[PDB]
Amino acid sequence: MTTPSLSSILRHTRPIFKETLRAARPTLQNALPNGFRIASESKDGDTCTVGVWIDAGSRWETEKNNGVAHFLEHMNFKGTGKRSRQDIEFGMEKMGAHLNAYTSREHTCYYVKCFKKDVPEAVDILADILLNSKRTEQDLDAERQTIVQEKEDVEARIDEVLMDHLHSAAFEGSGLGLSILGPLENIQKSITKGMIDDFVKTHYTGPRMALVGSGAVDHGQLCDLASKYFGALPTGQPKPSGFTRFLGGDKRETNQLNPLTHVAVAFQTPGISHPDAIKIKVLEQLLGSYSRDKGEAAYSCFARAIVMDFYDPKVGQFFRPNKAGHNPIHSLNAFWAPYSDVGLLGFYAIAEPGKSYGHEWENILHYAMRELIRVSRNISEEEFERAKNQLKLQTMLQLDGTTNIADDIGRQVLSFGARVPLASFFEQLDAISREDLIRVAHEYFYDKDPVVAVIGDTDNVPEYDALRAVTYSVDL
Amino acid sequence: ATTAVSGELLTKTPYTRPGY
Amino acid sequence: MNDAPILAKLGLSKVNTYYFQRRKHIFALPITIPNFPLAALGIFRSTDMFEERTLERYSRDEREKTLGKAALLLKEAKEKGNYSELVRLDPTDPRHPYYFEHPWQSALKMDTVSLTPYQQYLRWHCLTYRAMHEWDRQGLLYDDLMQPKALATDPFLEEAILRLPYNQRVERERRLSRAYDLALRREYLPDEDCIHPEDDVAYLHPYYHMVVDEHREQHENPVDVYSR
Amino acid sequence: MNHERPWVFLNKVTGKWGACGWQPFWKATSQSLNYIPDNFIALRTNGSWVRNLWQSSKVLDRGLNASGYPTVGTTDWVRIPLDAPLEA
Amino acid sequence: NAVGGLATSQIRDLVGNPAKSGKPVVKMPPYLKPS
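As deposited, the entry is annotated with cryo-EM as its determination method and 3.06 Å as its resolution.

Structural data, given as C-alpha cells:
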C-alpha cells in the first residue's frame, strides 16, 4: 500500500443539517353520531387510496381463539350476502385495482388504491366485505390448509420469528404476547365459526373504526358514503383496559446450523400515547443503525462502540495483541415497538456466530450495555442534535405515496384519536431538553430487567443472568 | 415396541408396576 | 422374544441369553483397582444381573447365530432380489442378524415352563429391579443411560452412537435433555406416560455389538505377529 | 419545562364541561423587575387558548356530541384540545 | 367473467396456484411410535 492517504492530513468540510418544511393540506376529520371516524388528506393527483382501519388485532385473544383475527381476515374475502368471491374479484379487476388486507397485533386495515372515479365503488366493496360478509363453516373448513401453509411459510422468516419470540418472552399471559397466526393445533381444529362471530361482534364496533382517504379524494363525498354504509355500526363496549405486565427474561432458540445469529434485547417503555413518546423516539434515533457496508463509518456512539473493537489492535503491556480477523457484524438497528399500553425499546444485532466458545458476542453485548448506561448518565449536545434531525428526516421518509400517507393517517387516528400535524409534531421536537432525554434514558435502561430473544448459535451468546448484571456499574 | 417378524406391532400385555 | 421363531428354526433357544449367565472363573484378571485388596482379586463378587457382559461376545456360538440369521437374509434376497432392502433393515427388526433384546422385553409374555426355579427368580428380578431404578418414569430408555465419559472413554460406545440414524440420535438427545430438566426438580412424567417394559427397546446394543466385532476383526487376521 | 397544553374535560352522561390544565407553582420569594412572565400554562403559544375557550363555550354548553374524542381512563370524561376553535 | 377479453380467473387457477413442495417425510421406527 504505497499510495498515501491525504484524508488524514487534509482539512475536510462538514455538511450541516437544514430541514425543508413543505406545507401539506390539513388532515380533515369528522365523526358520525355512531362514533365511526372519517379522516382524509387531499393532494393534487389522479390516484387515491381509500381504506378502512380497525382497532382490533390479535391483542385480544386468550389462547383459545388465537389466530381468529387472521382467520377472519381470510374469511372476509370468501364472499358476502350480495356478492361472491368471483364477483368481488371481478369488481376489483374492472376497477383495475387490488384489495390489500393487513393484520397486526393491534390494528387491521383493508385498503384499495384506485382512481378518483372509483371511490364510491371501492367504499361499497369495503363496506360489503366488512359488514355483510357471510362466514359459513364450509368455507371455514376450506381455508384451514391455506392458513397452515401460510403458518409454515411465516415460520421461515427469521426476523418475524425473532420478534414473535421477543413478544412471547416479554408479555406472557396476555394476548399481546401471542403470535398473529396462532398455534398450528388451533389453525387445524380449534378455531370455529362461533369464535369468529364473537370476535367480529365484540371488536368491529363504531368508535373503533375509521375510514381513511388519501390523495385526490373529496372529504364531503367520503363523509356521505360513510354515513350511507357505516352509519349503522353498533356503539359496542369500550376497548378492553387491562394490565399487561412486562416479564424480563429470555427466549433462546438453538440452531447451530444457521449461518447468522440474531439477538434482540429490549426494555419496557410506556405506551405510544404517553408524553414520553417523542423522547423515546429521539432515543431510538440516538442509538442509530449500522450496516456492514459502512465499515468503520458508524455515526453513533452506540454502534461505533460495538464496531471499533473488531478494528482495534488491542495491544497491551503484559498481553499479546488480539485483533479480530474481520468485522463480523452484519447489522445493528435500534427499534421501538409501542402499543397503547406498553412498549419495547431496544436493539437488534445480526452477526456471524464465530468460532465456538469465542468472545465476539461477549464483547458485542458488553459494549452495547455499557453504551446504554453511558447514555443513561450523560448525552452530548451534538449527538442530541443529530438524533433530533434524524428523527425529523425519518418521520418525513415514511410519507412516500398515497398508501403510506393513508397508513400513517389511519394509525394515528386509531392511536391518538387524530392525526398530529407535522409542524405541531416538530414544534414538540425542538422543545425537548437534553436533561429530559437523559432522565428518560435513565428511567428505563439503568438497572432494569430486559427481555432477550436469540436465534442461532446460542453456544456463544451470553445467558440472561450475565446480561442482567451489566445493566448497572459499580461506579454508577 | 419392536415389530414381530411379520412386521406388525402386537398389543402390549397388561402390566402393573411392582409395588414397594 | 420377537426373534424367537427365527431362533426356533435354527435349532437355538427361544429364551433370552440373560439367563444361562454363569461364573466360569475364580480370579478376575487383570486385577482392577480402586477395588479394596481382597475385592481386587475377584474371589467374592457382587452382581445385580444387569451388567453389560460385553466380553462374552467373543464366542463361536454367537457368531454361528449371527451367520445363521445372515444366511437366512441372503437366501431371501437371492430368491426375491431385494438384497438392498434386506441389508438395510433397522437393527431393531427381529430379522437383523445383530438383533438384541433386553430381558424385560419378553418377561411378561415368556414361556416360563422350561425355566429352572433360578431362572424364574431371574425373570421376576429383572422386572422388579427395572421398576426400582425409575428410569421408566423419567421418559427414558435403558440405552439412553449408556453414555461415554470424558476420560477413559468407552471407544465402542462412541462409535455405536455415530452409527445411529440422524433422527434416532436427535430423539436420544432430546430424551436426555428432558430427563435432565426433570431431574432438576426430581420430577417424574405423568403416570400415564410411564414406559411399559415391552417399550424399553434396546436400540443401541446392536450397534455396540457390531462395532465390537469390527474392532476385533483385524486382531484375528494379523498382517504379522509384531504388527500394530 | 414542557407539559400539555390546556384542555377541556367533558362528562357525557352528566353532560358537564370545564377547562383544565397544568399549573406550575414554586415557593414564593422576591420577583424580578425586568421580566413579565411568559405563557406558562400554554407553553410556546401566543395564548389563543383563551379565545378558543371563549368561542367554544356556547358550543359546549349547548350540547356537543363528542363521541369522536378520546376518554380519560375508565371514567365518563373526554378531553377536547384547545389548539383550534371548536365548531363541530 | 372476462376482464378485457381474458378469462383471468381461469388463467389464475391454472397459473397463479403452483403446488408447494414441503419437507420430506421421515419414516418412524416402530420403537418410537409411543408418544
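Helices and strands together make up the secondary structure of chain A, namely 17 helices and 12 strands. The C-alpha radius of gyration computed for chain A amounts to 25 Å, which stays within 12% of the reference 23 Å derived for 476 residues, consistent with globular compactness. Oriented by its inertia axes, the alpha-carbon framework of chain A measures out at about 80 × 50 × 45 Å. Residues classed as buried in chain A amount to 49% of the 476 residues present. Relative to all contacts within chain A whose residues are 6 or more apart in sequence, the contacts with residues 24 or more apart total 80%.

Time to look at the nonpolar core. Residue and element names in this part refer to chain A. Counting residues in hydrophobic clusters, the biggest one holds 50 residues, and the most contacted among them are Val282, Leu283, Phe347, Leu372 and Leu429. Discounting chain neighbours no more than four positions away, the residues touching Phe347 are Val263, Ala264, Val265, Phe302, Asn333, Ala334, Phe335, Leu365, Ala368, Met369 and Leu372. Core analysis: the second largest hydrophobic core is formed by 48 residues, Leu32, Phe71, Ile88 and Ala122 among them.

Looking now at the interface of chain C and chain B. Interfaces are often sized by the accessible area lost when the parts come together. Each partner contributes to the interface: chain C provides 25 residues, whereas chain B provides 11 residues. Connecting chain C to chain B are 1 salt bridge. Ionic pairing is found between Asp136(C) and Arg17(B), a salt bridge with its closest N-O pair at 2.9 Å. Applying the counting rule to chain C against chain B returns 7 residue pairs in polar contact. Elements with a contribution of two residues or more to the side of chain C that touches chain B: helix 1 (4–9) and helix 5 (117–133) of chain C. Of all the elements, helix 5 of chain C adds the most residues to the side of chain C that touches chain B, at 4 residues. Broken down by class, the residue content of the side of chain C that touches chain B amounts to 10 nonpolar, 5 polar and 10 charged.

We now examine the packing of aromatic side chains. By convention here, two paired aromatic rings are described through the distance between centres and the angle between planes. One pass over the full model with this rule turns up 20 aromatic pairs over all chains. Ring centres 6.2 Å apart and planes at 80° place the aromatic pair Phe171(A) and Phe246(A) in the edge-to-face group. Taken together, the positions of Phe171(A) in the loop between helix 6 (158–170) and helix 7 (184–190) and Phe246(A) in the loop between helix 9 (219–230) and strand 7 (249–254) put the pair 75 residues apart, joining distant regions of the chain. Residues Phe171(A) and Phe246(A) agree in their burial class; the two are buried. Taking the centre distance of 5.2 Å and the plane angle of 50° together, the rings of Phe50(C) and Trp104(C) count as tilted. Taken together, the residues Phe50(C) in the loop between helix 2 (37–41) and helix 3 (60–80) and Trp104(C) in the loop between helix 4 (83–87) and helix 5 connect sequence positions 54 residues apart. Assessed through its relative accessible area of 13%, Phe50(C) is described here as buried.

A few words now on the sheet that holds strand 6 (residues 209–215) of chain A. Residues and elements named next belong to chain A. Taken in spatial order, the 6 strands of this open sheet run 1-2-6-3-5-4, and their pairing is mixed. What marks the edges here is a single partner per strand, and that holds for strand 1 (28–31) and strand 4 (99–103). Adjacent strand axes in the sheet meet at a mean angle of 15° when their direction is disregarded. Across the sheet, helix 1 (residues 68–76) lies against strand 4 and strand 5 (108–115), angled at about 170° from strand 4, the strand it touches most. Each of strand 1, strand 2 (37–41), strand 3 (47–54) and strand 6 touches helix 9; the most contacted strand, strand 2, lies at about 155° to it.

Time to look at the pairing of strand 6 of chain A. Residues and elements named next belong to chain A. When you tally the buried positions in strand 6, you get 7 out of 7 residues, the bulk of the element. As judged from the 7 bridges shared by strand 3 and strand 6, these two strands associate in the antiparallel manner. For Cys48, the partnering residue across the bridge sits in strand 6 and is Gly215.

With 5 pairs of chains in contact overall, the contact-richest pair is chains B and C. No interface is formed between chain A and chain B, the nearest pair of C-alpha atoms being 27 Å apart. When C-alpha atoms are compared, chain B and chain D, though not in contact, are closest at a spacing of 59 Å.

Let's shift gears to the state of the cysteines. Residues and elements named next belong to chain A. In this structure the tally under the stated criterion is 0 disulfides over all chains. Here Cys114 is not disulfide-linked; the sulfur of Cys48 is the nearest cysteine sulfur, at 6.9 Å. In this structure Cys223 is not part of a disulfide, and its nearest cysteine sulfur, from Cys48, lies 15 Å away.

The interface is formed by 7 residues belonging to chain D together with 10 residues belonging to chain A. Between chain D and chain A lies a buried interface of about 630 Å² when both sides are counted; carbon and sulfur atoms form 44% of it. Sorting the residues of chain D by area buried against chain A places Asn2(D), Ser67(D) and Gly68(D) first, and these three jointly supply 55% of that buried surface. Linking chain D to chain A there are 1 residue pair in polar contact. Tallied by class, the residues present in the side of chain D that touches chain A amount to no nonpolar, 5 polar and 2 charged.

To continue, consider the pattern of salt bridges. Residues and elements named next belong to chain C. All chains considered together, the criterion is met by 45 salt bridges over all chains. Between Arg63 and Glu220 there is a salt bridge, with the nearest N and O atoms lying 2.9 Å from each other. Here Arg63 is found in helix 3, whereas its partner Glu220 is found in helix 8 (residues 205–220), with 157 residues between them in sequence. Residue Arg130 is joined to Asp136 by a salt bridge in which the shortest nitrogen-to-oxygen separation is 3.8 Å.

A separate point is the sheet that holds strand 7 of chain A. Residues and elements named next belong to chain A. Pairing within the open sheet is mixed, and its 6 strands lie in the order 7-12-8-11-10-9. The sheet is open, and its two edges are formed by strand 7 and strand 9 (289–291), each paired on a single side. Neighbour-to-neighbour, the strand axes of this sheet turn through a mean angle of 15°, independent of strand direction. Taken together, the 9 bridges between strand 10 (residues 329–338) and strand 11 (residues 342–351) define a ladder with antiparallel strand orientation. Pairing of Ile329 across the sheet is with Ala351, part of strand 11. Together, strand 8 (261–270), strand 10 and strand 11 form the strand contacts of helix 12 (residues 360–377), whose direction differs from that of strand 11 by roughly 145°. With respect to the sheet, helix 16 (residues 434–445) is in contact with strand 8 and strand 11, its orientation differing from that of strand 8 by roughly 110°.

Procedures and definitions
- Per chain, the count goes from 1 following the written sequence and can depart from the entry's numbering; residues without coordinates do not appear at all.
- As they are written, the chains are lettered A onward and the ligands numbered 1 onward, keeping that order.
- What you see is one piece of a larger assembly, and the values refer to that piece, not the whole.
- Each side-chain value is worked out from all heavy atoms of the structure, with water and hydrogens disregarded.
- Helix and strand labels come from DSSP, where a helix needs a run of H or I of at least four residues and a strand needs a run of E of at least two; each type is numbered from the N terminus.
- The atom set for the radius of gyration is the C-alpha atoms, and the globule formula is 2.2 Å times the number of residues raised to the power 0.38.
- For every residue, the accessible area (1.4 Å probe, protein chains only) is compared with the maximum for its type, and the residue is labelled buried under 20%, exposed over 50%, or partly exposed between those bounds.
- Should any heavy atoms of two residues lie within 4.5 Å, those residues are counted as being in contact.
- In these notes, a set of buried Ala, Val, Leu, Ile, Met, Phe, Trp, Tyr and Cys residues joined through side-chain atoms within 4.5 Å is what counts as a nonpolar core.
- By definition here, a salt bridge exists when the distance from a side-chain nitrogen of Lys or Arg to a carboxyl oxygen of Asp or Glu is within 4 Å.
- Under this definition, polar contacts are N or O atom pairs within 3.5 Å; protein pairs additionally need one hydrogen-donor-capable and one acceptor-capable atom, and for neighbouring residues in sequence, both atoms have to be side-chain atoms.
- Each residue is assigned to one of three groups, with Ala, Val, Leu, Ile, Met, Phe, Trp, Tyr, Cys and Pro labelled nonpolar, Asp, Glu, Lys and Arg labelled charged, and all others, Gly among them, labelled polar.
- The pairing test for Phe, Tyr and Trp rings, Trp by its six-membered ring, is centres within 6.5 Å, and the orientation test on the planes gives stacked under 30 degrees, edge-to-face over 60, and tilted for anything in between.
- Here, strands pair whenever DSSP counts at least two bridges between them.
- Note on geometry: axes are C-alpha line fits, over the in-contact stretch for helices, and angles between N-to-C directions span 0 to 180 degrees.
- To count as a disulfide, a pair of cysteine sulfur atoms needs to be within 2.5 Å.
- Throughout, the accessible surface (probe 1.4 Å) given up by two parts as they are put together, summed over both, is called the buried area.

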